[PDB]
Amino acid sequence: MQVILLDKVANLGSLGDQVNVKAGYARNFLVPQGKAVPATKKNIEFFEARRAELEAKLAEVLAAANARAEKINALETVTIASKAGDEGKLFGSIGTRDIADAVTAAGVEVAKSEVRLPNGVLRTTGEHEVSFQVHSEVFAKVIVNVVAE
Amino acid sequence: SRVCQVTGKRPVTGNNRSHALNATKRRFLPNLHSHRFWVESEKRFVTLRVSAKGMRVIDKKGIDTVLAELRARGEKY
RNA sequence: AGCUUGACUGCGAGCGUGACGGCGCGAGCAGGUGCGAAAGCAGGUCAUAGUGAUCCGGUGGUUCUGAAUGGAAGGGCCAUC
RNA sequence: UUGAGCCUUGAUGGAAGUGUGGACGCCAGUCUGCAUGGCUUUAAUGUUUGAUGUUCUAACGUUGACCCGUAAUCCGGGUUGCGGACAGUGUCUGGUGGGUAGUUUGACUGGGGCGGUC
RNA sequence: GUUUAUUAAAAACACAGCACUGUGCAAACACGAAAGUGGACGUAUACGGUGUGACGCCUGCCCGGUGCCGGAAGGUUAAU
RNA sequence: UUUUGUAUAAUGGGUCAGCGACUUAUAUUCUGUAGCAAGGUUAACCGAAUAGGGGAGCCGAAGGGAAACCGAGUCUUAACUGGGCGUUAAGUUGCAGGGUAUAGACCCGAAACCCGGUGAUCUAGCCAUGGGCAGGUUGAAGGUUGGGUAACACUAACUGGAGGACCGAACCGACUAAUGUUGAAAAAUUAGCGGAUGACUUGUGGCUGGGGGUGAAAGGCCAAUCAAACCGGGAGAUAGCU
RNA sequence: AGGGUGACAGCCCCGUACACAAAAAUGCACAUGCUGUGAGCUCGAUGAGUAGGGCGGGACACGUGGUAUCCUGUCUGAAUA
RNA sequence: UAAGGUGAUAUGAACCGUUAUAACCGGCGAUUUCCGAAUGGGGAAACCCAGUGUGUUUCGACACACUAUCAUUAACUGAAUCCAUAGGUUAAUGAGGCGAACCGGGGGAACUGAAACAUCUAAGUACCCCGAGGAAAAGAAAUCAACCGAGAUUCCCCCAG
Ligand SMILES: [Mg+2]
Ligand SMILES: [Mg+2]
Ligand SMILES: [Mg+2]
Ligand SMILES: [Mg+2]
Ligand SMILES: [Mg+2]
Ligand SMILES: [Mg+2]
Ligand SMILES: [Mg+2]
Ligand SMILES: [Mg+2]
Ligand SMILES: [Mg+2]
Ligand SMILES: [Mg+2]
Ligand SMILES: [Mg+2]
Ligand SMILES: [Mg+2]
Ligand SMILES: [Mg+2]
Ligand SMILES: [Mg+2]
Ligand SMILES: [Mg+2]
Ligand SMILES: [Mg+2]
Ligand SMILES: [Mg+2]
Ligand SMILES: [Mg+2]
Ligand SMILES: [Mg+2]
Ligand SMILES: [Mg+2]
Ligand SMILES: [Mg+2]
Ligand SMILES: [Mg+2]
Ligand SMILES: [Mg+2]
Ligand SMILES: [Mg+2]
Ligand SMILES: [Mg+2]
Ligand SMILES: [Mg+2]
Ligand SMILES: [Mg+2]
Ligand SMILES: [Mg+2]
């Protein structure tokens with residue numbers, strides 16, 4: 001009695017691992033109570049296929065927009081800026097929708113503050129390249145041009 | 001009728017044989033048990049009269065296949 | 001008393017005695033041996049009791065056998081329990 | 001909890017001073033850690049493997065109660081309570097077993113038995 | 001009171017009484033491969049087995065043997 | 001007939017007639033006989049059917065050795081002066097017969113063992129539902145009233161109607177004697193006898209089945225039988241006996 | 001061939017050898033119809049609680065034997081031309 | 001098919017026939033009480049008693065048909081549970097019982113032989129039980145052989161006591 005798992009399951013469980021259990025635990029509790037299934041070989045591919053059409057399929061289906069920053073590898077047109085201040089230095093901050101203002105017409109339009117650098121955001125020159133939240137892995141690169149008026 | 005519903009296993013006859021090699025008519029008879037199986041295919045407990053082994057057979061071929069027989073053979077279940 | 005292993009191995013003309021199974025005696029032959037200078041004597045004990053058939057099984061030996069073939073198991077044969 | 005193996009982080013194979021439990025410590029050491037201050041002899045885990053013990057429920061028992069099939073002291077399905085890997089049963093196995101069964105239990109002999117003998 | 005209907009009616013069996021012993025109930029026990037059933041629609045003031053045999057006065061010693069009961073050490077010991 | 005021996009007072013037979021016991025099959029060997037002869041002969045089957053075909057095969061012409069093997073020799077043993085068994089006599093197939101083997105094996109006969117059935121119309125026990133007990137005695141508890149006690153106790157009449165109680169018919173039994181004993185009767189008749197309101201007696205119907213029942217226990221009863229019923233089967237059990 | 005008829009019949013009778021026969025119901029053959037039914041080629045697939053094993057038995061002429069082969073009550077359990 | 005007939009003991013009677021409906025024989029039909037598998041219920045076989053449909057110049061009642069069980073299927077219903085299962089009724093098909101041997105299977109003795117007896121025998125016999133056919137069963141090699149080869153099963157003669 002080997003059988004494969006469905007749900008977690010205490011001292012062996014794992015959503016689909018390959019266990020080998022006493023016949024009783026199984027034909028008395030695990031199965032006929034939705035938790036496992038005889039490893040009928042028919043199944044050891046039926047629940048191994050997934051392990052391919054998924055853990056090597058949909059884990060690749062993720063890679064279709066590398067870095068998401070594709071043809072934006074040459075910065076973006078600087079429509080306006082992101083502000084300034086302190087007669088020379090910096091003083092003003094980014095409202096909850098004010099890092100777009102510059103890159104405010106490139107990709108798609110949004111308006112949210114998924115803050116990434118929990119600092120007082122350094123006040124100097126202006127043009128910087130950190131990362132920002134583009135996804136749970138990749139990044140992006142652009143700059144920031146001030147406004148002289 | 002001590003008869004395993006899955007494998008047909010009924011009791012048999014044989015001797016005893018002492019040290020003296022003395023023949024004595026006996027029976028061997030199946031290790032039957034009757035057990036409540038859950039089907040899900042029918043949301044019910046079909047409770048067969050089964051010999052262990054019969055059990056092992058269900059544990060491999062699958063109840064839905066074992067009841068597939070019987071049904072196909074005429075048996076109640 | 002000295003020296004010794006003939007309480008030897010293979011055989012055995014020819015007799016005894018038994019319904020039988022069997023048991024007994026036996027010179028002589030071959031090989032090899034002890035004793036004796038030699039002739040010679042020794043195949044246990046002065047003789048006659050001191051015993052258990054067969055089957056099954058054990059041990060040693062021996063290619064005799066060995067179920068397609070080579071081996072092996074088992075079997076035989078000799079010895080012995 | 002516990003006998004034994006493997007994996008490991010502490011024992012055998014960013015200085016000096018103002019400070020601490022355990023110890024085969026060659027017989028009087030120094031240690032093993034505890035604070036700080038400009039492949040083989042040792043302890044705990046993750047564990048793998050057997051033993052013991054608690055409990056669990058979900059096989060299994062129910063000759064408690066209820067529901068329905070059903071105007072039914074059977075049976076079946078269902079609910080519930082109690083018990084519960086025990087009990088019981090299959091195979092195997094040691095013991096017991098005139099309860100039952102098949103038999104054996106000699107011959108000679110001044111009849112037979114006893115004695116005696118083979 | 002019972003008994004050898006048909007050679008034995010008795011001092012034999014039974015008996016009320018006494019004792020021992022088993023049995024917590026799905027009882028022990030008994031019929032039965034089993035299901036089912038008696039025991040009992042009873043529950044230890046009950047049910048079974050065994051012996052003794054109204055009642056009076058009593059019922060001593062022996063546990064070596066046999067039988068039965070109990071025993072969580074060791075020895076020996078089966079399948080595995 | 002059986003016996004050392006039977007007129008034997010040891011067995012069997014009243015007599016007649018009819019029936020009544022060494023067979024049959026297959027093997028096997030021997031004698032007789034016939035055929036063929038170092039050979040003889042086919043079986044199943046085919047079939048032109050008692051022919052013919054069919055030579056599968058069997059026996060014989062070679063034995064010795066456990067055997068491999070050798071071979072008119074061979075085995076024993078290292079080898080035999082030798083010794084054992086062989087080489088020097090014809091077979092084989094029918095047919096009749098004499099033995100034997102396997103079958104009931106010359107015939108008749110057990111007491112029994114086993115299987116499957118039929119039996120509680122007799123009888124044992126039990127279950128349900130019905131029935132029966134003339135007549136006569138004894139007079140338990142309890143109750144009433146007197147007497148009595150301080151009150152109970154006690155006590156006397158009466159009342160009451162207990163009992164595996166007494167006597168005795170029916171009914172149930174069965175202790176003694178006689179008769180019977182080719183009976184009136186395969187268990188009785190006659191005169192006596194025990195029980196007779198009880199653990200009584202009886203009708204009808206029911207249940208218990210053979211290693212089983214039932215048993216106030218005798219090994220009693222279970223259809224004129226019981227230390228294991230009857231019927232059919234195994235079955236022609238077996239019979240070193242008559 | 002046989003039987004009968006007043007005793008023993010080829011020629012007296014019924015038969016016998018031989019040659020014939022069915023309106024109906026059926027048997028079996030064929031030739032056809034009906035319902036079916038599947039045919040041939042190519043490419044595949046190739047019988048798991050099974051084989052095997054422990055234990056207890058039973059079958060094989062074989063009585064556990066040195067014992068192959070087969071069946072399985074019980075416990076287990078492969079390979080995949 | 002026919003010139004004779006109405007079976008027998010067994011006459012007699014009353015009849016029927018003789019050229020085709022006397023009788024006799026054969027094919028096919030009709031009728032076929034009751035009991036009996038017995039099947040509407042019951043039951044001490046040949047009897048008792050029903051329910052539902054029918055049916056009458058006298059539509060009381062009394063005669064005729066259907067109503068067992070089980071299995072497969074179908075329709076309609078339909079619980080604890082709301083679905084669904086179970087259950088319930090109806091209908092169509094089928095089965096039942098009997099009977100020689102032979103056959104396959106499930107169980108399976110003893111006497112007796114071994115001059116006793118237990119392994120062994122008798123013997124997978126007798127017998128009980130289930131099932132089936134004109135036959136049954138078996139059957140197209142995970143078979144033999146033996147370095148050549150054979151080619152399912154069944155039966156017979158040998159091999160060989
Ligand atoms: Mg005895
Ligand atoms: Mg004597
Ligand atoms: Mg008396
Ligand atoms: Mg008497
Ligand atoms: Mg008397
Ligand atoms: Mg008592
Ligand atoms: Mg007494
Ligand atoms: Mg006394
Ligand atoms: Mg005393
Ligand atoms: Mg005499
Ligand atoms: Mg004379
Ligand atoms: Mg005389
Ligand atoms: Mg009666
Ligand atoms: Mg009286
Ligand atoms: Mg009286
Ligand atoms: Mg009288
Ligand atoms: Mg006596
Ligand atoms: Mg009698
Ligand atoms: Mg008899
Ligand atoms: Mg006889
Ligand atoms: Mg016989
Ligand atoms: Mg294949
Ligand atoms: Mg009827
Ligand atoms: Mg009826
Ligand atoms: Mg006997
Ligand atoms: Mg004998
Ligand atoms: Mg066939
Ligand atoms: Mg080839």
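Using the three backbone atoms N, Cα and C, a Cβ is placed for every residue, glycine included.
Taken verbatim from Swiss-Prot:
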type	residues	note
MOD_RES	A:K71	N6-succinyllysine
MOD_RES	A:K83	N6-succinyllysine
MOD_RES	A:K89	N6-acetyllysine
MOD_RES	A:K112	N6-succinyllysine
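On the structure: features taken from Swiss-Prot.
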| residue | record | DSSP class |
| --- | --- | --- |
| A:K71 | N6-succinyllysine | coil |
| A:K83 | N6-succinyllysine | coil |
| A:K89 | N6-acetyllysine | coil |
| A:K112 | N6-succinyllysine | coil |
Number of Cβ atoms other than its own within 10 Å, given for A:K89 (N6-acetyllysine): 9
Among A:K83, A:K89, A:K112, which are recorded as modified residues, the nearest neighbour of A:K71 (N6-succinyllysine) by Cα: A:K112
Surrounding CB atoms that lie within 10 Å of the CB of A:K112 (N6-succinyllysine), all protein chains: 9
Residue pair A:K83 (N6-succinyllysine), A:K112 (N6-succinyllysine) - Cα distance, angstrom, rounded: 18
Most Cβ neighbours inside 10 Å, all chains, among the modified residues A:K71, A:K83: A:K83
A:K112 (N6-succinyllysine) and the residue listed as 'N6-acetyllysine', distance between Cα atoms, whole Å: 27
